[PDB]
Amino acid sequence: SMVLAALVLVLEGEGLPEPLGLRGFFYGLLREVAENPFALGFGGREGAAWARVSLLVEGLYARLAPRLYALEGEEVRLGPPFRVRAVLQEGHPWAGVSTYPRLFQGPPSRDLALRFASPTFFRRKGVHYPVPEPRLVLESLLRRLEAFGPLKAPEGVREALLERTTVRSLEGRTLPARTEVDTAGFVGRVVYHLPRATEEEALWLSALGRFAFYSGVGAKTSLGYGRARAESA
């Protein structure tokens, strides 16, 4: 099976989930039932908070989804305690289930608009770096898509994606990553553009875009950083 999924836990309770509490909860489920083939996230506002669990390989999906669904009605600690009102695979902006072939549905496009919805950063030389450079963003996505999906990019396609892609526009700011030392991450919107993309290259660019919703971008996606999605260019 080539499924990947992002399930959203709709939460009732005071506050928002905390990165380490969320990951600890997830690892608690993991240690029991089962490159990280997952990512975690959270968002919303006081009184309408949610968490999300991305599962990037079928086996993990098969094992964890039923266990996540059984959380409905139950109290869980994600830092603060919350009651899980619903577990959603659809009907929430950050919920979805798809397949790896569908990541390649296209249409191909030379442009990729990404929204970075939680602080996004990269490890370089033992320091964290918060600038969403094409080579960093796209290598992060490609590495994980190649780890967990059925297909690797031809080397020339990789070279085009990482070396030739430019930035058409950027708008955003960096915010502190409070679980980390001396680390900020970018939040905002960047439009990437690959000049003279072949059809194959433009398709791969679009696929990295679609995969981002599930994988997130950059470092510490297990802590909710790097939550991202593709938008209309």
# chains A, B, ... in the order shown; residues from 1 in each chain; ligands from 1
call {"tool": "residues_around", "arguments": {"residues": "residue 100 of chain A", "least_positions_apart": "6", "cutoff": "7 Å", "atoms": "only C-alpha atoms", "output": "PDB file with C-alpha atoms, in the first residue's frame"}}
result
ATOM      1  CA  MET A   2       1.272   3.446  -0.723  1.00  0.00           C
ATOM      2  CA  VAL A   3      -0.799   5.446   1.759  1.00  0.00           C
ATOM      3  CA  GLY A 149       7.914   6.750  -1.308  1.00  0.00           C
TER       4      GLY A 149
END
call {"tool": "residues_around", "arguments": {"residues": "residue 126 of chain A", "least_positions_apart": "4", "cutoff": "12 Å", "atoms": "only C-alpha atoms", "output": "PyMOL selection string"}}
result
chain A and resi 122+181-183
call {"tool": "residues_around", "arguments": {"residues": "residue 213 of chain A", "least_positions_apart": "2", "cutoff": "9 Å", "atoms": "only C-alpha atoms", "output": "VMD selection string"}}
result
chain A and resid 6 54 94 96 209 to 211 215 to 217 227 to 230
call {"tool": "select_by_dssp", "arguments": {"residues": "segment 8-223 of chain A", "states": "alpha helix (DSSP H)", "output": "JSON, numbers by chain"}}
result
{"A": [19, 20, 21, 22, 23, 24, 25, 26, 27, 28, 29, 30, 31, 32, 33, 58, 59, 60, 61, 62, 63, 64, 65, 66, 67, 68, 69, 100, 101, 102, 103, 134, 135, 136, 137, 138, 139, 140, 141, 142, 143, 144, 145, 146, 147, 148, 155, 156, 157, 158, 159, 199, 200, 201, 202, 203, 204, 205, 206, 207, 208, 209, 210, 211, 212, 213, 214, 215]}
call {"tool": "residues_around", "arguments": {"residues": "residue 35 of chain A", "least_positions_apart": "4", "cutoff": "12 Å", "atoms": "only C-alpha atoms", "output": "PyMOL selection string"}}
result
chain A and resi 39+56-57+140+143-148+215+219-222
call {"tool": "write_last_selection", "arguments": {"atoms": "N, CA and C atoms", "output": "short mmCIF file (atom, residue, chain, number, x, y, z; two decimals), in the first residue's frame"}}
result
data_model
loop_
_atom_site.label_atom_id
_atom_site.label_comp_id
_atom_site.auth_asym_id
_atom_site.auth_seq_id
_atom_site.Cartn_x
_atom_site.Cartn_y
_atom_site.Cartn_z
N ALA A 39 5.50 12.79 11.18
CA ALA A 39 5.73 14.15 11.67
C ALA A 39 4.58 14.53 12.56
N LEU A 56 3.79 8.42 7.35
CA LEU A 56 4.36 8.47 5.99
C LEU A 56 4.58 7.11 5.35
N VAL A 57 4.27 6.03 6.08
CA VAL A 57 4.40 4.69 5.53
C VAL A 57 3.18 3.88 5.98
N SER A 140 15.13 18.89 1.75
CA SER A 140 14.42 18.27 2.88
C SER A 140 13.25 17.44 2.40
N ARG A 143 14.51 14.32 0.13
CA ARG A 143 15.15 13.27 0.91
C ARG A 143 14.11 12.35 1.56
N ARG A 144 13.07 12.96 2.10
CA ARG A 144 12.05 12.20 2.81
C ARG A 144 11.10 11.51 1.83
N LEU A 145 10.81 12.18 0.71
CA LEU A 145 9.97 11.56 -0.30
C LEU A 145 10.67 10.33 -0.89
N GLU A 146 11.98 10.43 -1.06
CA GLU A 146 12.77 9.30 -1.52
C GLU A 146 12.92 8.21 -0.45
N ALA A 147 12.99 8.59 0.83
CA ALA A 147 13.02 7.60 1.91
C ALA A 147 11.75 6.78 2.01
N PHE A 148 10.61 7.44 1.89
CA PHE A 148 9.35 6.77 2.20
C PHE A 148 8.46 6.39 1.03
N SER A 215 4.79 15.68 5.21
CA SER A 215 6.12 15.53 5.82
C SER A 215 6.54 16.73 6.68
N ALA A 219 14.03 20.68 9.90
CA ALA A 219 14.41 19.96 11.11
C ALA A 219 13.31 19.95 12.16
N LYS A 220 13.34 18.91 12.99
CA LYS A 220 12.50 18.80 14.18
C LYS A 220 11.02 18.85 13.83
N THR A 221 10.65 18.23 12.71
CA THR A 221 9.24 18.09 12.39
C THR A 221 8.52 17.20 13.42
N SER A 222 9.28 16.42 14.19
CA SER A 222 8.68 15.59 15.24
C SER A 222 8.19 16.46 16.40
#
call {"tool": "select_by_dssp", "arguments": {"residues": "segment 6-227 of chain A", "states": "strand (DSSP E)", "output": "ChimeraX atom specification"}}
result
/A:6-12,38-45,48-55,75-77,81-88,96-99,111-120,122-124,127-129,166-176,184-193
call {"tool": "atom_distance", "arguments": {"atom1": "atom CA of residue 73 of chain A", "atom2": "atom CA of residue 118 of chain A"}}
result
27.6 Å
call {"tool": "residues_around", "arguments": {"residues": "residue 107 of chain A", "least_positions_apart": "3", "cutoff": "12 Å", "atoms": "only C-alpha atoms", "output": "PDB file with N, CA and C atoms, in the first residue's frame"}}
result
ATOM      1  N   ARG A 102      -0.513   9.623  -5.988  1.00  0.00           N
ATOM      2  CA  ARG A 102      -1.307  10.835  -6.091  1.00  0.00           C
ATOM      3  C   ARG A 102      -0.475  12.083  -5.829  1.00  0.00           C
ATOM      4  N   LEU A 103       0.685  11.928  -5.196  1.00  0.00           N
ATOM      5  CA  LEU A 103       1.510  13.111  -4.980  1.00  0.00           C
ATOM      6  C   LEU A 103       2.022  13.598  -6.315  1.00  0.00           C
ATOM      7  N   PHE A 104       2.015  12.717  -7.319  1.00  0.00           N
ATOM      8  CA  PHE A 104       2.565  13.041  -8.615  1.00  0.00           C
ATOM      9  C   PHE A 104       1.469  13.366  -9.631  1.00  0.00           C
ATOM     10  N   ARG A 110       6.205  25.103 -13.005  1.00  0.00           N
ATOM     11  CA  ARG A 110       7.501  25.685 -12.661  1.00  0.00           C
ATOM     12  C   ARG A 110       7.477  26.421 -11.336  1.00  0.00           C
ATOM     13  N   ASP A 111       6.281  26.739 -10.854  1.00  0.00           N
ATOM     14  CA  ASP A 111       6.110  27.500  -9.622  1.00  0.00           C
ATOM     15  C   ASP A 111       5.620  26.624  -8.478  1.00  0.00           C
ATOM     16  N   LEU A 112       6.117  26.894  -7.280  1.00  0.00           N
ATOM     17  CA  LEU A 112       5.605  26.235  -6.084  1.00  0.00           C
ATOM     18  C   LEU A 112       5.513  27.249  -4.957  1.00  0.00           C
ATOM     19  N   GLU A 199       9.161  18.909 -18.228  1.00  0.00           N
ATOM     20  CA  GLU A 199       7.891  18.420 -17.677  1.00  0.00           C
ATOM     21  C   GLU A 199       8.151  17.553 -16.443  1.00  0.00           C
ATOM     22  N   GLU A 200       9.119  16.648 -16.538  1.00  0.00           N
ATOM     23  CA  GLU A 200       9.455  15.756 -15.434  1.00  0.00           C
ATOM     24  C   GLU A 200       9.871  16.547 -14.175  1.00  0.00           C
ATOM     25  N   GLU A 201      10.734  17.531 -14.380  1.00  0.00           N
ATOM     26  CA  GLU A 201      11.177  18.382 -13.273  1.00  0.00           C
ATOM     27  C   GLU A 201      10.027  19.142 -12.608  1.00  0.00           C
ATOM     28  N   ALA A 202       9.148  19.706 -13.440  1.00  0.00           N
ATOM     29  CA  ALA A 202       8.002  20.462 -12.939  1.00  0.00           C
ATOM     30  C   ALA A 202       7.021  19.534 -12.197  1.00  0.00           C
ATOM     31  N   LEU A 203       6.887  18.306 -12.693  1.00  0.00           N
ATOM     32  CA  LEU A 203       6.085  17.323 -11.964  1.00  0.00           C
ATOM     33  C   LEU A 203       6.668  16.990 -10.574  1.00  0.00           C
ATOM     34  N   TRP A 204       7.972  16.706 -10.530  1.00  0.00           N
ATOM     35  CA  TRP A 204       8.624  16.477  -9.256  1.00  0.00           C
ATOM     36  C   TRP A 204       8.472  17.684  -8.321  1.00  0.00           C
ATOM     37  N   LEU A 205       8.652  18.900  -8.844  1.00  0.00           N
ATOM     38  CA  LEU A 205       8.444  20.082  -7.997  1.00  0.00           C
ATOM     39  C   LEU A 205       7.032  20.073  -7.382  1.00  0.00           C
ATOM     40  N   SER A 206       6.041  19.787  -8.222  1.00  0.00           N
ATOM     41  CA  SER A 206       4.667  19.741  -7.715  1.00  0.00           C
ATOM     42  C   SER A 206       4.467  18.652  -6.659  1.00  0.00           C
ATOM     43  N   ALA A 207       5.139  17.534  -6.862  1.00  0.00           N
ATOM     44  CA  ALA A 207       5.058  16.413  -5.919  1.00  0.00           C
ATOM     45  C   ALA A 207       5.694  16.748  -4.565  1.00  0.00           C
ATOM     46  N   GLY A 209       5.838  19.672  -3.373  1.00  0.00           N
ATOM     47  CA  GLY A 209       4.779  20.516  -2.838  1.00  0.00           C
ATOM     48  C   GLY A 209       3.647  19.761  -2.159  1.00  0.00           C
ATOM     49  N   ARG A 210       3.089  18.779  -2.843  1.00  0.00           N
ATOM     50  CA  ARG A 210       2.021  17.967  -2.253  1.00  0.00           C
ATOM     51  C   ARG A 210       2.493  17.175  -1.030  1.00  0.00           C
TER      52      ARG A 210
END
call {"tool": "atom_distance", "arguments": {"atom1": "atom CA of residue 93 of chain A", "atom2": "atom CA of residue 50 of chain A"}}
result
11.1 Å
